[PDB]
Amino acid sequence: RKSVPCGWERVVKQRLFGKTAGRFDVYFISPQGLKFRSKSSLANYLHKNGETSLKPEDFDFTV
DNA sequence: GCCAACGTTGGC
DNA sequence: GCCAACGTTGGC
């Protein structure tokens with residue numbers, strides 16, 4: 001399976017109330033502190049910064 | 001039918 | 001006016 005890319009943090013939070021109670025949200029904090037909620041916005045950032053090692057498939061958005 | 005990406009909002 | 005919660009939904 002997938003592992004957290006180097007210097008990044010993966011935060012998983014489970015919803016407790018409402019219709020979506022039981023659902024999980026996954027977000028990633030970059031080593032620079034930038035908070036990401038989607039694989040799209042992340043893949044977008046990696047492209048603009050010239051990433052040659054970390055691929056958007058390396059960041060698991062499933063829990 | 002139902003969930004990825006993003007949208008809204010109550011409660012400071 | 002911001003943000004951590006949950007809501008909404010297009011499109012697979």
Side-chain angles (χ1 to χ4, degrees), chain A residues 1 3-12 14-16 18-31 33-34 36-47 49-54 56 58-61:
Chain A
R1 58 261 153 91
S3 39
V4 183
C6 199
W8 293 68
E9 197 188 8
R10 185 169 173 259
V11 175
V12 184
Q14 195 184 40
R15 300 184 185 194
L16 309 156
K19 274 176 260 197
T20 57
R23 182 175 295 184
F24 293 95
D25 305 277
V26 177
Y27 77 75
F28 289 82
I29 307 165
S30 77
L34 299 156
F36 294 93
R37 285 216 297 178
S38 75
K39 203 185 270 243
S40 307
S41 72
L42 199 12
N44 179 273
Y45 170 83
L46 287 179
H47 177 66
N49 279 39
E51 189 64 54
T52 59
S53 304
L54 319 176
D58 301 316
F59 299 77
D60 202 337
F61 277 82

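Lettering follows sequence order; numbering is per chain, from 1.
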(message) Does the plane of the ring in A:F28 sit parallel, tilted or perpendicular to the ring in A:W8? Use 30° and 60° as the thresholds.
(response) perpendicular

(request) Decide yes or no for A:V26 and A:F59: does some side-chain heavy atom of the first lie under 4.5 Å from some side-chain heavy atom of the second? (result) no

(message) Minimum heavy-atom separation for A:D58 and A:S53, please, with both atom names.
(response) OD2-O, 3.9 Å

(request) Mind listing the closest non-hydrogen atom pair of A:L46 and A:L54 along with its distance? (result) CD1-O, 3.6 Å

(message) Rounding to an integer number of Å, can you tell me how far A:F59 CZ sits from B:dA4 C1'?
(response) 17 Å

(message) Using whole Å, what does the distance between atom P of nucleotide C:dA4 and atom CD1 of A:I29 come to?
(response) 10 Å

(message) Within this structure, what is the CZ-CD1 distance for the pair A:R10 and A:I29, rounded to the nearest 0.5 Å?
(response) 12.5 Å

(request) Produce a footprint string for nucleotides 5-12 of chain B: one letter per nucleotide, 5' end first; B if the base is under 4.0 Å from any protein heavy atom, S if only the sugar-phosphate is, - if neither. (result) BBB-----

(request) Have a look at the sugar of B:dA5 and report north or south, taking a positive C1'-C2'-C3'-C4' as north and a negative one as south. (result) south

